[PDB]
>>> print(open('model.cif').read())   # mmCIF, N, CA and C atoms
data_data
#
loop_
_atom_site.group_PDB
_atom_site.id
_atom_site.type_symbol
_atom_site.label_atom_id
_atom_site.label_comp_id
_atom_site.auth_asym_id
_atom_site.auth_seq_id
_atom_site.Cartn_x
_atom_site.Cartn_y
_atom_site.Cartn_z
ATOM 1 N N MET A 52 7.085 -7.003 9.383
ATOM 2 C CA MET A 52 8.034 -6.616 8.354
ATOM 3 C C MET A 52 7.384 -6.629 6.985
ATOM 4 N N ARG A 53 6.711 -7.727 6.627
ATOM 5 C CA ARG A 53 5.959 -7.783 5.375
ATOM 6 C C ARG A 53 5.017 -6.606 5.246
ATOM 7 N N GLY A 54 4.315 -6.288 6.333
ATOM 8 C CA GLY A 54 3.436 -5.137 6.324
ATOM 9 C C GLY A 54 4.151 -3.887 5.879
ATOM 10 N N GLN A 55 5.292 -3.612 6.486
ATOM 11 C CA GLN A 55 5.989 -2.413 6.091
ATOM 12 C C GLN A 55 6.620 -2.535 4.721
ATOM 13 N N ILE A 56 7.030 -3.722 4.285
ATOM 14 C CA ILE A 56 7.608 -3.856 2.950
ATOM 15 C C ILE A 56 6.565 -3.513 1.899
ATOM 16 N N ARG A 57 5.477 -4.280 1.872
ATOM 17 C CA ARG A 57 4.451 -4.070 0.860
ATOM 18 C C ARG A 57 3.874 -2.666 0.944
ATOM 19 N N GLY A 58 3.588 -2.204 2.163
ATOM 20 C CA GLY A 58 3.089 -0.854 2.332
ATOM 21 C C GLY A 58 4.096 0.202 1.945
ATOM 22 N N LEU A 59 5.368 -0.169 1.896
ATOM 23 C CA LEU A 59 6.421 0.774 1.555
ATOM 24 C C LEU A 59 6.595 0.864 0.050
ATOM 25 N N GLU A 60 6.438 -0.259 -0.642
ATOM 26 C CA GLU A 60 6.328 -0.211 -2.089
ATOM 27 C C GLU A 60 5.110 0.596 -2.500
ATOM 28 N N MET A 61 3.949 0.259 -1.935
ATOM 29 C CA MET A 61 2.735 1.008 -2.229
ATOM 30 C C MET A 61 2.875 2.463 -1.827
ATOM 31 N N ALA A 62 3.683 2.741 -0.810
ATOM 32 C CA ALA A 62 3.985 4.122 -0.477
ATOM 33 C C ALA A 62 4.796 4.775 -1.580
ATOM 34 N N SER A 63 5.701 4.019 -2.201
ATOM 35 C CA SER A 63 6.403 4.548 -3.358
ATOM 36 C C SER A 63 5.427 4.905 -4.460
ATOM 37 N N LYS A 64 4.594 3.947 -4.873
ATOM 38 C CA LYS A 64 3.609 4.211 -5.916
ATOM 39 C C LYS A 64 2.716 5.390 -5.568
ATOM 40 N N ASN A 65 2.366 5.530 -4.293
ATOM 41 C CA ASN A 65 1.607 6.687 -3.845
ATOM 42 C C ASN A 65 2.350 7.973 -4.152
ATOM 43 N N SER A 66 3.621 8.031 -3.773
ATOM 44 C CA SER A 66 4.409 9.216 -4.067
ATOM 45 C C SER A 66 4.534 9.454 -5.561
ATOM 46 N N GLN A 67 4.563 8.386 -6.350
ATOM 47 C CA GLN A 67 4.756 8.520 -7.786
ATOM 48 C C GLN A 67 3.519 9.105 -8.444
ATOM 49 N N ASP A 68 2.345 8.622 -8.050
ATOM 50 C CA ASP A 68 1.115 9.256 -8.495
ATOM 51 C C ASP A 68 1.057 10.702 -8.038
ATOM 52 N N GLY A 69 1.595 10.987 -6.853
ATOM 53 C CA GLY A 69 1.678 12.366 -6.413
ATOM 54 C C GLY A 69 2.521 13.215 -7.339
ATOM 55 N N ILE A 70 3.667 12.680 -7.764
ATOM 56 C CA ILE A 70 4.477 13.359 -8.764
ATOM 57 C C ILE A 70 3.633 13.646 -9.992
ATOM 58 N N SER A 71 2.926 12.631 -10.493
ATOM 59 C CA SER A 71 2.154 12.795 -11.720
ATOM 60 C C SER A 71 1.147 13.930 -11.601
ATOM 61 N N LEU A 72 0.338 13.906 -10.538
ATOM 62 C CA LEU A 72 -0.631 14.972 -10.299
ATOM 63 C C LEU A 72 0.049 16.327 -10.325
ATOM 64 N N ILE A 73 1.159 16.443 -9.600
ATOM 65 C CA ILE A 73 1.843 17.722 -9.526
ATOM 66 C C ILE A 73 2.320 18.145 -10.904
ATOM 67 N N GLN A 74 2.791 17.203 -11.715
ATOM 68 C CA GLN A 74 3.223 17.548 -13.060
ATOM 69 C C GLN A 74 2.075 18.107 -13.879
ATOM 70 N N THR A 75 0.870 17.579 -13.685
ATOM 71 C CA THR A 75 -0.282 18.115 -14.398
ATOM 72 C C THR A 75 -0.571 19.548 -13.970
ATOM 73 N N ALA A 76 -0.737 19.748 -12.656
ATOM 74 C CA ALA A 76 -0.953 21.084 -12.108
ATOM 75 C C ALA A 76 0.075 22.070 -12.629
ATOM 76 N N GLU A 77 1.337 21.687 -12.548
ATOM 77 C CA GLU A 77 2.412 22.563 -12.963
ATOM 78 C C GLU A 77 2.349 22.871 -14.445
ATOM 79 N N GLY A 78 1.961 21.903 -15.271
ATOM 80 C CA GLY A 78 1.796 22.190 -16.687
ATOM 81 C C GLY A 78 0.742 23.249 -16.923
ATOM 82 N N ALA A 79 -0.374 23.136 -16.203
ATOM 83 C CA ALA A 79 -1.378 24.193 -16.252
ATOM 84 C C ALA A 79 -0.773 25.532 -15.863
ATOM 85 N N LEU A 80 0.150 25.520 -14.903
ATOM 86 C CA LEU A 80 0.826 26.754 -14.538
ATOM 87 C C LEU A 80 1.826 27.206 -15.592
ATOM 88 N N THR A 81 2.332 26.293 -16.414
ATOM 89 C CA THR A 81 3.189 26.700 -17.519
ATOM 90 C C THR A 81 2.399 27.527 -18.505
ATOM 91 N N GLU A 82 1.295 26.968 -18.977
ATOM 92 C CA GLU A 82 0.486 27.703 -19.932
ATOM 93 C C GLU A 82 -0.067 28.978 -19.306
ATOM 94 N N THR A 83 -0.292 28.961 -17.991
ATOM 95 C CA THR A 83 -0.600 30.193 -17.275
ATOM 96 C C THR A 83 0.506 31.223 -17.455
ATOM 97 N N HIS A 84 1.750 30.808 -17.308
ATOM 98 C CA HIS A 84 2.841 31.746 -17.460
ATOM 99 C C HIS A 84 2.834 32.346 -18.859
ATOM 100 N N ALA A 85 2.846 31.497 -19.877
ATOM 101 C CA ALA A 85 2.877 31.976 -21.257
ATOM 102 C C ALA A 85 1.790 33.006 -21.507
ATOM 103 N N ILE A 86 0.596 32.735 -20.993
ATOM 104 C CA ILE A 86 -0.484 33.692 -21.156
ATOM 105 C C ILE A 86 -0.138 34.994 -20.454
ATOM 106 N N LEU A 87 0.297 34.925 -19.196
ATOM 107 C CA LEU A 87 0.621 36.146 -18.469
ATOM 108 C C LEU A 87 1.755 36.921 -19.112
ATOM 109 N N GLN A 88 2.605 36.248 -19.870
ATOM 110 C CA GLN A 88 3.657 36.964 -20.557
ATOM 111 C C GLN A 88 2.965 37.759 -21.656
ATOM 112 N N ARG A 89 2.106 37.106 -22.424
ATOM 113 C CA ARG A 89 1.384 37.802 -23.473
ATOM 114 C C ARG A 89 0.710 39.026 -22.879
ATOM 115 N N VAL A 90 0.044 38.837 -21.748
ATOM 116 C CA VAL A 90 -0.645 39.924 -21.072
ATOM 117 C C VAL A 90 0.323 41.057 -20.800
ATOM 118 N N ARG A 91 1.465 40.745 -20.193
ATOM 119 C CA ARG A 91 2.442 41.774 -19.863
ATOM 120 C C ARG A 91 2.859 42.547 -21.100
ATOM 121 N N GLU A 92 3.098 41.842 -22.199
ATOM 122 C CA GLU A 92 3.477 42.505 -23.436
ATOM 123 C C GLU A 92 2.393 43.468 -23.895
ATOM 124 N N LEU A 93 1.122 42.930 -23.928
ATOM 125 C CA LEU A 93 -0.005 43.762 -24.314
ATOM 126 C C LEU A 93 -0.130 44.979 -23.411
ATOM 127 N N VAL A 94 0.276 44.860 -22.148
ATOM 128 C CA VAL A 94 0.200 46.004 -21.250
ATOM 129 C C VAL A 94 1.293 47.000 -21.574
ATOM 130 N N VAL A 95 2.495 46.520 -21.884
ATOM 131 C CA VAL A 95 3.595 47.432 -22.185
ATOM 132 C C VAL A 95 3.237 48.283 -23.394
ATOM 133 N N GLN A 96 2.859 47.634 -24.494
ATOM 134 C CA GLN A 96 2.501 48.408 -25.671
ATOM 135 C C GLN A 96 1.263 49.244 -25.398
ATOM 136 N N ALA A 97 0.289 48.687 -24.684
ATOM 137 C CA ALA A 97 -0.901 49.469 -24.369
ATOM 138 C C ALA A 97 -0.558 50.671 -23.501
ATOM 139 N N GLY A 98 0.542 50.592 -22.767
ATOM 140 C CA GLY A 98 1.134 51.720 -22.088
ATOM 141 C C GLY A 98 2.059 52.538 -22.940
ATOM 142 N N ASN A 99 2.078 52.278 -24.246
ATOM 143 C CA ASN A 99 2.851 53.093 -25.176
ATOM 144 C C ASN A 99 1.979 54.184 -25.773
ATOM 145 N N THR A 100 1.163 54.805 -24.938
ATOM 146 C CA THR A 100 0.339 55.938 -25.307
ATOM 147 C C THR A 100 1.115 56.982 -26.087
ATOM 148 N N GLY A 101 0.397 57.733 -26.898
ATOM 149 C CA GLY A 101 0.994 58.687 -27.789
ATOM 150 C C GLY A 101 0.951 58.117 -29.180
ATOM 151 N N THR A 102 1.109 56.800 -29.301
ATOM 152 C CA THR A 102 1.010 56.134 -30.595
ATOM 153 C C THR A 102 -0.026 55.015 -30.617
ATOM 154 N N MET B 52 1.253 -51.052 34.751
ATOM 155 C CA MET B 52 2.247 -50.633 33.779
ATOM 156 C C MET B 52 1.683 -50.675 32.373
ATOM 157 N N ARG B 53 1.075 -51.798 31.982
ATOM 158 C CA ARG B 53 0.403 -51.886 30.686
ATOM 159 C C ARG B 53 -0.573 -50.746 30.494
ATOM 160 N N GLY B 54 -1.351 -50.451 31.534
ATOM 161 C CA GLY B 54 -2.270 -49.333 31.466
ATOM 162 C C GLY B 54 -1.576 -48.059 31.058
ATOM 163 N N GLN B 55 -0.485 -47.740 31.732
ATOM 164 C CA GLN B 55 0.189 -46.516 31.373
ATOM 165 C C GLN B 55 0.908 -46.619 30.045
ATOM 166 N N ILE B 56 1.387 -47.792 29.641
ATOM 167 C CA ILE B 56 2.049 -47.907 28.345
ATOM 168 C C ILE B 56 1.061 -47.607 27.231
ATOM 169 N N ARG B 57 0.005 -48.414 27.141
ATOM 170 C CA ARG B 57 -0.963 -48.246 26.067
ATOM 171 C C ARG B 57 -1.597 -46.864 26.108
ATOM 172 N N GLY B 58 -1.973 -46.410 27.305
ATOM 173 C CA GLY B 58 -2.532 -45.078 27.436
ATOM 174 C C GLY B 58 -1.542 -43.987 27.106
ATOM 175 N N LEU B 59 -0.256 -44.310 27.137
ATOM 176 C CA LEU B 59 0.780 -43.330 26.855
ATOM 177 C C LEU B 59 1.041 -43.238 25.363
ATOM 178 N N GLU B 60 0.969 -44.369 24.669
ATOM 179 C CA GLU B 60 0.945 -44.329 23.218
ATOM 180 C C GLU B 60 -0.274 -43.569 22.729
ATOM 181 N N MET B 61 -1.455 -43.948 23.224
ATOM 182 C CA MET B 61 -2.675 -43.245 22.853
ATOM 183 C C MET B 61 -2.614 -41.785 23.255
ATOM 184 N N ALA B 62 -1.881 -41.474 24.317
ATOM 185 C CA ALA B 62 -1.650 -40.081 24.661
ATOM 186 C C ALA B 62 -0.798 -39.403 23.605
ATOM 187 N N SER B 63 0.170 -40.126 23.045
ATOM 188 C CA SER B 63 0.921 -39.574 21.929
ATOM 189 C C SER B 63 0.002 -39.258 20.769
ATOM 190 N N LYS B 64 -0.768 -40.247 20.312
ATOM 191 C CA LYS B 64 -1.697 -40.023 19.209
ATOM 192 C C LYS B 64 -2.653 -38.878 19.495
ATOM 193 N N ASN B 65 -3.084 -38.748 20.745
ATOM 194 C CA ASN B 65 -3.912 -37.618 21.141
ATOM 195 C C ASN B 65 -3.200 -36.306 20.873
ATOM 196 N N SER B 66 -1.958 -36.199 21.327
ATOM 197 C CA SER B 66 -1.197 -34.987 21.075
ATOM 198 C C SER B 66 -0.991 -34.749 19.592
ATOM 199 N N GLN B 67 -0.874 -35.817 18.811
ATOM 200 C CA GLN B 67 -0.599 -35.681 17.388
ATOM 201 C C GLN B 67 -1.814 -35.144 16.653
ATOM 202 N N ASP B 68 -2.991 -35.670 16.977
ATOM 203 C CA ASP B 68 -4.214 -35.084 16.455
ATOM 204 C C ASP B 68 -4.354 -33.640 16.900
ATOM 205 N N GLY B 69 -3.900 -33.330 18.114
ATOM 206 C CA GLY B 69 -3.894 -31.948 18.551
ATOM 207 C C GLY B 69 -3.029 -31.072 17.673
ATOM 208 N N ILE B 70 -1.840 -31.564 17.322
ATOM 209 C CA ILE B 70 -0.996 -30.859 16.369
ATOM 210 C C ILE B 70 -1.774 -30.607 15.090
ATOM 211 N N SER B 71 -2.411 -31.650 14.553
ATOM 212 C CA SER B 71 -3.112 -31.519 13.279
ATOM 213 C C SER B 71 -4.166 -30.422 13.331
ATOM 214 N N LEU B 72 -5.037 -30.473 14.343
ATOM 215 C CA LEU B 72 -6.059 -29.442 14.518
ATOM 216 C C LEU B 72 -5.428 -28.063 14.526
ATOM 217 N N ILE B 73 -4.370 -27.903 15.316
ATOM 218 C CA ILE B 73 -3.740 -26.600 15.425
ATOM 219 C C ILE B 73 -3.195 -26.163 14.076
ATOM 220 N N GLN B 74 -2.640 -27.090 13.300
ATOM 221 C CA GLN B 74 -2.140 -26.734 11.982
ATOM 222 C C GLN B 74 -3.257 -26.220 11.092
ATOM 223 N N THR B 75 -4.450 -26.792 11.215
ATOM 224 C CA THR B 75 -5.575 -26.301 10.430
ATOM 225 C C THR B 75 -5.944 -24.879 10.832
ATOM 226 N N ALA B 76 -6.196 -24.681 12.132
ATOM 227 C CA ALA B 76 -6.496 -23.353 12.659
ATOM 228 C C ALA B 76 -5.475 -22.330 12.196
ATOM 229 N N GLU B 77 -4.207 -22.666 12.356
ATOM 230 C CA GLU B 77 -3.142 -21.752 12.003
ATOM 231 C C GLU B 77 -3.124 -21.450 10.518
ATOM 232 N N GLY B 78 -3.426 -22.435 9.676
ATOM 233 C CA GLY B 78 -3.515 -22.159 8.250
ATOM 234 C C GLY B 78 -4.590 -21.140 7.944
ATOM 235 N N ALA B 79 -5.743 -21.293 8.596
ATOM 236 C CA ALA B 79 -6.781 -20.275 8.480
ATOM 237 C C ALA B 79 -6.251 -18.913 8.897
ATOM 238 N N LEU B 80 -5.389 -18.887 9.912
ATOM 239 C CA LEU B 80 -4.783 -17.627 10.311
ATOM 240 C C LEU B 80 -3.737 -17.141 9.318
ATOM 241 N N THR B 81 -3.148 -18.038 8.533
ATOM 242 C CA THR B 81 -2.241 -17.603 7.479
ATOM 243 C C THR B 81 -2.999 -16.808 6.443
ATOM 244 N N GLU B 82 -4.052 -17.410 5.908
ATOM 245 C CA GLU B 82 -4.828 -16.709 4.901
ATOM 246 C C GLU B 82 -5.465 -15.454 5.485
ATOM 247 N N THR B 83 -5.768 -15.475 6.784
ATOM 248 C CA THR B 83 -6.165 -14.253 7.474
ATOM 249 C C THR B 83 -5.090 -13.183 7.356
ATOM 250 N N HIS B 84 -3.842 -13.551 7.581
ATOM 251 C CA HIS B 84 -2.779 -12.573 7.490
ATOM 252 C C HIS B 84 -2.723 -11.977 6.090
ATOM 253 N N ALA B 85 -2.618 -12.830 5.079
ATOM 254 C CA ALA B 85 -2.521 -12.354 3.701
ATOM 255 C C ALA B 85 -3.627 -11.366 3.380
ATOM 256 N N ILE B 86 -4.839 -11.680 3.822
ATOM 257 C CA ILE B 86 -5.943 -10.765 3.588
ATOM 258 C C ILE B 86 -5.688 -9.448 4.303
ATOM 259 N N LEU B 87 -5.328 -9.497 5.585
ATOM 260 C CA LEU B 87 -5.094 -8.262 6.324
ATOM 261 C C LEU B 87 -3.954 -7.448 5.747
ATOM 262 N N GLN B 88 -3.035 -8.090 5.047
ATOM 263 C CA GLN B 88 -1.970 -7.338 4.421
ATOM 264 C C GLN B 88 -2.623 -6.572 3.278
ATOM 265 N N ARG B 89 -3.409 -7.260 2.461
ATOM 266 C CA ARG B 89 -4.090 -6.594 1.368
ATOM 267 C C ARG B 89 -4.844 -5.395 1.912
ATOM 268 N N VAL B 90 -5.570 -5.606 3.002
ATOM 269 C CA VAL B 90 -6.339 -4.542 3.629
ATOM 270 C C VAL B 90 -5.433 -3.373 3.952
ATOM 271 N N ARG B 91 -4.318 -3.641 4.630
ATOM 272 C CA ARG B 91 -3.403 -2.575 5.013
ATOM 273 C C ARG B 91 -2.940 -1.790 3.800
ATOM 274 N N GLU B 92 -2.608 -2.489 2.721
ATOM 275 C CA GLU B 92 -2.180 -1.816 1.506
ATOM 276 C C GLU B 92 -3.267 -0.897 0.977
ATOM 277 N N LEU B 93 -4.513 -1.481 0.869
ATOM 278 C CA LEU B 93 -5.645 -0.694 0.411
ATOM 279 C C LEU B 93 -5.869 0.521 1.298
ATOM 280 N N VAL B 94 -5.538 0.421 2.584
ATOM 281 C CA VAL B 94 -5.711 1.564 3.469
ATOM 282 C C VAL B 94 -4.638 2.600 3.207
ATOM 283 N N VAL B 95 -3.403 2.164 2.974
ATOM 284 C CA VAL B 95 -2.321 3.115 2.735
ATOM 285 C C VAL B 95 -2.635 3.949 1.502
ATOM 286 N N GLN B 96 -2.921 3.282 0.385
ATOM 287 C CA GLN B 96 -3.236 4.038 -0.816
ATOM 288 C C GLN B 96 -4.518 4.829 -0.624
ATOM 289 N N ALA B 97 -5.512 4.238 0.032
ATOM 290 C CA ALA B 97 -6.747 4.976 0.270
ATOM 291 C C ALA B 97 -6.503 6.193 1.152
ATOM 292 N N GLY B 98 -5.447 6.157 1.951
ATOM 293 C CA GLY B 98 -4.941 7.309 2.659
ATOM 294 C C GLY B 98 -3.996 8.158 1.860
ATOM 295 N N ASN B 99 -3.887 7.894 0.559
ATOM 296 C CA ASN B 99 -3.090 8.735 -0.327
ATOM 297 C C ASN B 99 -3.963 9.791 -0.981
ATOM 298 N N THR B 100 -4.852 10.384 -0.201
ATOM 299 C CA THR B 100 -5.693 11.484 -0.626
ATOM 300 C C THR B 100 -4.910 12.554 -1.362
ATOM 301 N N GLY B 101 -5.605 13.275 -2.220
ATOM 302 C CA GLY B 101 -4.991 14.248 -3.078
ATOM 303 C C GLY B 101 -4.927 13.672 -4.466
ATOM 304 N N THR B 102 -4.713 12.361 -4.570
ATOM 305 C CA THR B 102 -4.709 11.689 -5.863
ATOM 306 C C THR B 102 -5.699 10.531 -5.943
#
>>> encode(input="model.cif", output="structure tokens")
Amino acid sequence: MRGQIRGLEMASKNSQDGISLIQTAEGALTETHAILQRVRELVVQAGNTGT
Amino acid sequence: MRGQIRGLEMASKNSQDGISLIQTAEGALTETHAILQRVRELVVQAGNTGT
């Protein structure tokens, strides 16, 4: 029982560090989005040929 | 009868020293447990690959 208790708390902390890592990755994907939006805009106007 | 009386008291003391020895061994096994718990924890987190 002690084994599973302590290992279960540590399993919580494991999952929590997992959350943290994912939050970092996802933040990188946020700034990825913002950039790709800029790109899309630049493409729309760049597709505004004639002017 | 005297033989068995005195030898039976001394048989008690024999068993009592046996208890003592076993208590020592078992204490060593207590600290063994605590260590193995630490080990198990270190294995769980060490199995938390990805982070």
>>> resolve_selection(input="model.cif", expression="the PyMOL selection byres ((chain B) within 8 of (chain A))", output="count of residues only")
10
>>> atom_distance(input="model.cif", atom1="atom C of residue 97 (chain B)", atom2="CA of residue 85 (chain B)")
19.1 Å
>>> calpha_fit_and_write(input="model.cif", fixed="chain B", moving="chain A", output="CSV table (one decimal) with N, CA and C atoms, in the frame of the given file")
chain,number,residue,atom,x,y,z
A,52,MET,N,1.3,-51.1,34.8
A,52,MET,CA,2.2,-50.6,33.8
A,52,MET,C,1.7,-50.7,32.4
A,53,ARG,N,1.1,-51.8,32.0
A,53,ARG,CA,0.4,-51.9,30.7
A,53,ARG,C,-0.6,-50.7,30.5
A,54,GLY,N,-1.4,-50.5,31.5
A,54,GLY,CA,-2.3,-49.3,31.5
A,54,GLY,C,-1.6,-48.1,31.1
A,55,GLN,N,-0.5,-47.7,31.7
A,55,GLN,CA,0.2,-46.5,31.4
A,55,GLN,C,0.9,-46.6,30.0
A,56,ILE,N,1.4,-47.8,29.6
A,56,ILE,CA,2.0,-47.9,28.3
A,56,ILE,C,1.1,-47.6,27.2
A,57,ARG,N,0.0,-48.4,27.1
A,57,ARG,CA,-1.0,-48.2,26.1
A,57,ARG,C,-1.6,-46.9,26.1
A,58,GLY,N,-2.0,-46.4,27.3
A,58,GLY,CA,-2.5,-45.1,27.4
A,58,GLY,C,-1.5,-44.0,27.1
A,59,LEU,N,-0.3,-44.3,27.1
A,59,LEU,CA,0.8,-43.3,26.9
A,59,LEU,C,1.0,-43.2,25.4
A,60,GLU,N,1.0,-44.4,24.7
A,60,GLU,CA,0.9,-44.3,23.2
A,60,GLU,C,-0.3,-43.6,22.7
A,61,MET,N,-1.5,-43.9,23.2
A,61,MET,CA,-2.7,-43.2,22.9
A,61,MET,C,-2.6,-41.8,23.3
A,62,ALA,N,-1.9,-41.5,24.3
A,62,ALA,CA,-1.7,-40.1,24.7
A,62,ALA,C,-0.8,-39.4,23.6
A,63,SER,N,0.2,-40.1,23.0
A,63,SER,CA,0.9,-39.6,21.9
A,63,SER,C,0.0,-39.3,20.8
A,64,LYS,N,-0.8,-40.2,20.3
A,64,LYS,CA,-1.7,-40.0,19.2
A,64,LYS,C,-2.7,-38.9,19.5
A,65,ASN,N,-3.1,-38.7,20.7
A,65,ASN,CA,-3.9,-37.6,21.1
A,65,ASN,C,-3.2,-36.3,20.9
A,66,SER,N,-2.0,-36.2,21.3
A,66,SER,CA,-1.2,-35.0,21.1
A,66,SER,C,-1.0,-34.7,19.6
A,67,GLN,N,-0.9,-35.8,18.8
A,67,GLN,CA,-0.6,-35.7,17.4
A,67,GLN,C,-1.8,-35.1,16.7
A,68,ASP,N,-3.0,-35.7,17.0
A,68,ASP,CA,-4.2,-35.1,16.5
A,68,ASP,C,-4.4,-33.6,16.9
A,69,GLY,N,-3.9,-33.3,18.1
A,69,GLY,CA,-3.9,-31.9,18.6
A,69,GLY,C,-3.0,-31.1,17.7
A,70,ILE,N,-1.8,-31.6,17.3
A,70,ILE,CA,-1.0,-30.9,16.4
A,70,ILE,C,-1.8,-30.6,15.1
A,71,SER,N,-2.4,-31.6,14.6
A,71,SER,CA,-3.1,-31.5,13.3
A,71,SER,C,-4.2,-30.4,13.3
A,72,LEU,N,-5.0,-30.5,14.3
A,72,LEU,CA,-6.1,-29.4,14.5
A,72,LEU,C,-5.4,-28.1,14.5
A,73,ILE,N,-4.4,-27.9,15.3
A,73,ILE,CA,-3.7,-26.6,15.4
A,73,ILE,C,-3.2,-26.2,14.1
A,74,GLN,N,-2.6,-27.1,13.3
A,74,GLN,CA,-2.1,-26.7,12.0
A,74,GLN,C,-3.3,-26.2,11.1
A,75,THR,N,-4.5,-26.8,11.2
A,75,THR,CA,-5.6,-26.3,10.4
A,75,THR,C,-5.9,-24.9,10.8
A,76,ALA,N,-6.2,-24.7,12.1
A,76,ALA,CA,-6.5,-23.4,12.7
A,76,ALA,C,-5.5,-22.3,12.2
A,77,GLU,N,-4.2,-22.7,12.4
A,77,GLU,CA,-3.1,-21.8,12.0
A,77,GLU,C,-3.1,-21.5,10.5
A,78,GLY,N,-3.4,-22.4,9.7
A,78,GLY,CA,-3.5,-22.2,8.2
A,78,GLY,C,-4.6,-21.1,7.9
A,79,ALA,N,-5.7,-21.3,8.6
A,79,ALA,CA,-6.8,-20.3,8.5
A,79,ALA,C,-6.3,-18.9,8.9
A,80,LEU,N,-5.4,-18.9,9.9
A,80,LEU,CA,-4.8,-17.6,10.3
A,80,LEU,C,-3.7,-17.1,9.3
A,81,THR,N,-3.1,-18.0,8.5
A,81,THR,CA,-2.2,-17.6,7.5
A,81,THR,C,-3.0,-16.8,6.4
A,82,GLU,N,-4.1,-17.4,5.9
A,82,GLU,CA,-4.8,-16.7,4.9
A,82,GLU,C,-5.5,-15.5,5.5
A,83,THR,N,-5.8,-15.5,6.8
A,83,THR,CA,-6.2,-14.3,7.5
A,83,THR,C,-5.1,-13.2,7.4
A,84,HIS,N,-3.8,-13.6,7.6
A,84,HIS,CA,-2.8,-12.6,7.5
A,84,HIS,C,-2.7,-12.0,6.1
A,85,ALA,N,-2.6,-12.8,5.1
A,85,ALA,CA,-2.5,-12.4,3.7
A,85,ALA,C,-3.6,-11.4,3.4
A,86,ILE,N,-4.8,-11.7,3.8
A,86,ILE,CA,-5.9,-10.8,3.6
A,86,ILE,C,-5.7,-9.4,4.3
A,87,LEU,N,-5.3,-9.5,5.6
A,87,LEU,CA,-5.1,-8.3,6.3
A,87,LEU,C,-4.0,-7.4,5.7
A,88,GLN,N,-3.0,-8.1,5.0
A,88,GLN,CA,-2.0,-7.3,4.4
A,88,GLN,C,-2.6,-6.6,3.3
A,89,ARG,N,-3.4,-7.3,2.5
A,89,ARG,CA,-4.1,-6.6,1.4
A,89,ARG,C,-4.8,-5.4,1.9
A,90,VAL,N,-5.6,-5.6,3.0
A,90,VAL,CA,-6.3,-4.5,3.6
A,90,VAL,C,-5.4,-3.4,4.0
A,91,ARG,N,-4.3,-3.6,4.6
A,91,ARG,CA,-3.4,-2.6,5.0
A,91,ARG,C,-2.9,-1.8,3.8
A,92,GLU,N,-2.6,-2.5,2.7
A,92,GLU,CA,-2.2,-1.8,1.5
A,92,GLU,C,-3.3,-0.9,1.0
A,93,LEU,N,-4.5,-1.5,0.9
A,93,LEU,CA,-5.6,-0.7,0.4
A,93,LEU,C,-5.9,0.5,1.3
A,94,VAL,N,-5.5,0.4,2.6
A,94,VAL,CA,-5.7,1.6,3.5
A,94,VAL,C,-4.6,2.6,3.2
A,95,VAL,N,-3.4,2.2,3.0
A,95,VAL,CA,-2.3,3.1,2.7
A,95,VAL,C,-2.6,3.9,1.5
A,96,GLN,N,-2.9,3.3,0.4
A,96,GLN,CA,-3.2,4.0,-0.8
A,96,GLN,C,-4.5,4.8,-0.6
A,97,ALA,N,-5.5,4.2,0.0
A,97,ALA,CA,-6.7,5.0,0.3
A,97,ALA,C,-6.5,6.2,1.2
A,98,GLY,N,-5.4,6.2,2.0
A,98,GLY,CA,-4.9,7.3,2.7
A,98,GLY,C,-4.0,8.2,1.9
A,99,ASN,N,-3.9,7.9,0.6
A,99,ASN,CA,-3.1,8.7,-0.3
A,99,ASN,C,-4.0,9.8,-1.0
A,100,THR,N,-4.9,10.4,-0.2
A,100,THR,CA,-5.7,11.5,-0.6
A,100,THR,C,-4.9,12.6,-1.4
A,101,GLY,N,-5.6,13.3,-2.2
A,101,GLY,CA,-5.0,14.2,-3.1
A,101,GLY,C,-4.9,13.7,-4.5
A,102,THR,N,-4.7,12.4,-4.6
A,102,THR,CA,-4.7,11.7,-5.9
A,102,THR,C,-5.7,10.5,-5.9
>>> atom_distance(input="model.cif", atom1="atom N of residue 90 (chain B)", atom2="atom N of residue 77 (chain B)")
19.5 Å
>>> atom_distance(input="model.cif", atom1="CA of residue 67 (chain A)", atom2="CA of residue 84 (chain B)")
27.1 Å
